[PDB]
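The form deposited in one PDB entry is given below as one chain in structure tokens.
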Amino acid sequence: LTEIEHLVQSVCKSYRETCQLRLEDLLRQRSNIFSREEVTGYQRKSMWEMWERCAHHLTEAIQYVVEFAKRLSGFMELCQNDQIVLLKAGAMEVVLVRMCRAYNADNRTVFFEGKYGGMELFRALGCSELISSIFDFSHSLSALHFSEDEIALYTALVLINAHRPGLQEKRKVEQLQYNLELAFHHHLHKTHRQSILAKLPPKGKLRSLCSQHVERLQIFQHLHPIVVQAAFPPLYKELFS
């Protein structure tokens, strides 16, 4: 009946609503794998057509994350500057965590455009180092067998973090962070899943992967810019110069 147990239900709701695909849909489609003809078709496409495809899927992913943040109790109550600071540093980190749901650790494939395919699908992009890192991060995260409420609460904490440089009302972020930590700890105790806390990825790993990802995305956006209808215009202008 506590203010925290509600916070749990509310975070789980925002997440359920901003969830692009349902987990059992992703799990059942684990059989639906791209054929060598389909893989070759992706590999033979231009760098620029594979880029427009991936950039549009990644922008859509960020927009679901912005909506997940918007629906978190207290997020709107922060000043616009703090909202930008938190989403600029964390939105893509959330997108990267969420990918573990579309990842199949057995055949090392990811759900991309209706079917499951390996990293070979992305050859055309010519950044096999970054793509291998993304797949390796999803592969490590998959061993935790994250549940839907775990991903929800963990991703809310990835976003609500008072240790992001440039925050104005720092104590207002701390107040939201500490409530979400309590919700996360409380929830893990209730379900006997406190063991995942020791297995969680180090804060630096995520931060590092994401900065590399976003810089590679920024280079591609400079060379071949895609156009997106901004869900959060002040955030969009902070990433798209």
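Residue positions are given as counts along the sequence shown, with the first one as 1.
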> Would 110-118 or 89-97 have the larger average of its C-alpha temperature factors, as given in the entry?
Replying inline: 110-118
>> Highest mean C-alpha temperature factor of the two stretches 183-191 and 202-210, which is it?
In response: 202-210
> Reading the B-factor column of the entry, which of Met76, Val158, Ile134, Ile151 has the highest value at its C-alpha atom?
Replying inline: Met76
>> Take the CA temperature factors straight from the PDB entry and tell me which of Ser46, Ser35, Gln177, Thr59 peaks.
In response: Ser35
>> Splitting the chain's C-alpha B-factors into thirds, which one does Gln80 fall into?
In response: highest
> Among the modelled residues of its chain, does the C-alpha B-factor of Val66 lie in the lowest, middle or highest third?
Replying inline: lowest
> Lowest, middle or highest third: where is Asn104 by Cα B-factor in its chain?
Replying inline: middle
>> Where does the C-alpha B-factor of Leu27 rank in its chain, lowest, middle or highest third?
In response: highest
>> Which third, lowest, middle or highest, does the C-alpha temperature factor of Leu167 belong to within its own chain?
In response: highest
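The protein also exists as the form solved in complex with a small molecule; that form is not presented, and the subsequent description refers to it.
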> Among the candidate residues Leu78, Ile134, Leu167, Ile160, which is the single one with a non-hydrogen atom no more than 4.5 Å from the small molecule in the deposited complex?
Replying inline: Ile134
>> Taking the small molecule as it sits in the deposited complex, is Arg193 near enough to touch it, meaning that at least one heavy atom pair lies within 4.5 angstroms?
In response: no
>> Taking the small molecule as it sits in the deposited complex, is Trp51 near enough to touch it, meaning that at least one heavy atom pair lies within 4.5 angstroms?
In response: yes
> Does the 4.5 Å heavy atom contact test between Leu182 and the small molecule in the deposited complex come out positive?
Replying inline: no
> Does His57 make contact with the small molecule in the deposited complex, using a 4.5 Å heavy atom cut-off?
Replying inline: yes
